[PDB]
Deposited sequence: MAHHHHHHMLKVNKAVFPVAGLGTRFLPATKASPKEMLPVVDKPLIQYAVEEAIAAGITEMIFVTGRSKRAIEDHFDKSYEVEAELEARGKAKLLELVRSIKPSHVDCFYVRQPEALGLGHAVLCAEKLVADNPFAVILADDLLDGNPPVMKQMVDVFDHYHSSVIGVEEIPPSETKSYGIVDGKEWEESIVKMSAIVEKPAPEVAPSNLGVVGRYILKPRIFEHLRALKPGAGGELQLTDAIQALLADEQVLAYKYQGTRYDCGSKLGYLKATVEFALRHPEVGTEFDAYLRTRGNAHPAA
């Protein structure tokens, strides 16, 4: 049917960004002036998703207070007639967008984080969006994928072409190329050595999953691997890999985070020009 829900796992330990992540999850890191998780939610909104499910771990309130109403900030902005900033703050969570929270008690990995959201997804297809993967696309990547899902009504795994030497960092898909950008998947293999990688198509943190993924998650022998659930699912039904149009910034790591900051600052209306001039003359 329709993709109304997006699950955002934001419960990782984020040790690669200590000390900043001590009391704020990695997905709250700002790129210029905006947390990763807000970029991710805005992508979901652009895709027609209206229900945001956050799987929280440590520092859940950074996520919750970012999206929930804050009386203090509005009373502060109200008391100063700063109306454009008020519209900006309110657009963090537009009307008709709902935020639900669920706890992952133990940082038992991504597949387990997804499993924590099972009762909230129930018997519906749902997006899984990893805000650490900051995707820059027009149209937004999850919107592209929702269009793919609406056509084929199969799970959709976002993929990008990666250097063959780097396959050990990625889930790698295999299958029959269907369109220029659609692979009908025959396999997904977790972090293969370059010489045995079945393709150069690496999985990124964008998924549309049909609810049968949950029975394969609960069934796995435990850190449950999302890859293994996907591999199991494609034995029972079509799963598609989608070579999205756009650019991924691996903000799980410091370098991708920095690249994202640079690239997004350059396209920022307020500071783009000066930051470009600064970069040239430094």
Notebook entry, point to check: What's missing from the model if you number the deposited sequence from 1?
Noted result: 1-9, 232-235, 296-302
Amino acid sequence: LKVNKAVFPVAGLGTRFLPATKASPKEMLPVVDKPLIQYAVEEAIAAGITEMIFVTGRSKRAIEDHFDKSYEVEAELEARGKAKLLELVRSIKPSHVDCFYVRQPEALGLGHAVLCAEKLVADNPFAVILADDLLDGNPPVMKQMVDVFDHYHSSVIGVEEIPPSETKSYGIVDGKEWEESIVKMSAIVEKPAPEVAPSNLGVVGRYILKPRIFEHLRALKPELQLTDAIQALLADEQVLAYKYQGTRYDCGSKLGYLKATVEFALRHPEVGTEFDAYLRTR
From here on, numbers count along this sequence of modelled residues.
Note to self: Tell me which stretch has the larger mean Cα B-factor in this entry, 93-101 or 196-204.
What the structure shows: 93-101
Next item on the list: Output the stretch having the higher mean C-alpha B factor in the entry; the candidates are 174-182 and 205-213.
Entry: 174-182
Next item on the list: Between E223, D250, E43, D33, let me know which has the highest C-alpha B-factor in the entry?
Entry: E223
Note to self: Just to confirm, going by the entry's C-alpha B-factors, which of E76, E118, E161, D147 comes out highest?
What the structure shows: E76
Check: How does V156 rank on Cα B-factor within its chain, lowest, middle or highest third?
Finding: lowest
Checklist line | Where the record places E190 (Cα B-factor, split into thirds across the chain) | finding: middle
Notebook entry, point to check: What third of its chain, lowest, middle or highest, does the C-alpha temperature factor of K259 fall into?
Noted result: middle
Note to self: Can you tell me whether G81 has a C-alpha B-factor in the lowest, middle or highest third compared with the other modelled residues of the same chain?
What the structure shows: highest
Check: Going by the entry, which third of its chain does the Cα temperature factor of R58 land in?
Finding: highest
